[PDB]
Amino acid sequence: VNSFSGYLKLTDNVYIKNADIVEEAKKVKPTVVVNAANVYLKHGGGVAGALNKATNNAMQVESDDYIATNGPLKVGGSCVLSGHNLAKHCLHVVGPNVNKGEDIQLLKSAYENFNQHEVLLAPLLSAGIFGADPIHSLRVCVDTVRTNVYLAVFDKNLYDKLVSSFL
Ligand SMILES: Fc1cccc(CSc2ncnc3[nH]cnc23)c1
């Protein structure tokens with residue numbers, strides 16, 4: 001039993017809700033919140049810009065030190081950093097950005113990072129400003145993640161389409 005509330009159950013392990021991931025994180029304080037990161041951990045917009053803003057830029061400060069030490073992530077890769085005031089940990093996951101020409105096949109590799117964590121609050125990877133089809137992202141999530149994932153979908157219209165079209 002966990003503290004996530006109001007989710008529709010899609011499969012044994014995947015759940016979905018129309019919610020703002022920032023407000024959802026502030027309420028649940030999950031062990032892991034997933035960020036829709038880029039390889040430079042530059043949290044300018046989309047989910048990343050919103051999560052970072054909610055931390056009063058502390059996420060960005062921590063991220064800049066991480067990059068200065070370790071260099072950029074790989075597309076499809078991840079790193080674990082602090083969750084600041086939102087969660088215990090933030091798993092920064094880089095899905096392919098279609099608006100940069102990146103291989104959509106890397107979306108499965110990106111979701112594989114979720115399997116290192118028993119429970120996560122997450123957005124749909126590569127959706128939104130990353131340019132991929134969210135219906136496809138949900139399919140890859142369900143077919144790749146085996147741990148318990150609670151997906152927050154900000155746009156109510158998109159949420160209804162994802163549910164109604166789910167196989
Ligand atoms: F549109 C809104 C309305 C309320 C709050 C936010 C910030 S969080 C966010 N931003 C972008 N994509 C997302 N997918 C899941 N959560 C998010 C955005």
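As the structure lists them, so they are numbered: ligands from 1, and atoms in each ligand from 1. Along the sequence shown, the residues carry numbers beginning at 1. Below, all heavy atoms of this structure are taken into account, side chains as well, without hydrogens, waters or symmetry copies.
- When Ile16, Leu125, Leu8 are each tested for a side chain to side chain contact (heavy atoms under 4.5 Å, CB included) with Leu151, only one passes: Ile16.
- Judged purely by atom type and a 3.5 angstrom limit, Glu24 has no side-chain atom pairing as donor or acceptor with the backbone of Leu121.
- Taking every heavy atom of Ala152 and a limit of under 4.0 angstrom, the matching atoms of ligand 1 come to 15 (C).
- The protein heavy atom nearest to atom 8 (S) of ligand 1 is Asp20 OD1, 2.8 Å.
- Looking at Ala50 against ligand 1, only its side chain comes within 4.0 Å, counting heavy atoms.
- Listed by atom number, the atoms of ligand 1 under 4.0 Å from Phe154 heavy atoms are 1 (F), 2 (C), 3 (C), 4 (C), 5 (C), 6 (C), 13 (C), 14 (N), 15 (C), 16 (N), 17 (C), 18 (C).
- When atom types are taken as modelled, the side chain of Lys53 and the backbone of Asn56 share no donor-acceptor pair closer than 3.5 angstrom.
- Nearest protein heavy-atom contact of atom 13 (C) of ligand 1 is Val47 CG2, 3.2 Å.
- With rounding to the nearest 0.5 angstrom, the CG atom of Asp65 is 11.0 Å from the CG atom of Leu41.
- Ring-plane geometry between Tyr150 and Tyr7 is classed as perpendicular, the angle between the planes exceeding 60 degrees on a 0 to 90 degree scale with a lower cut at 30.
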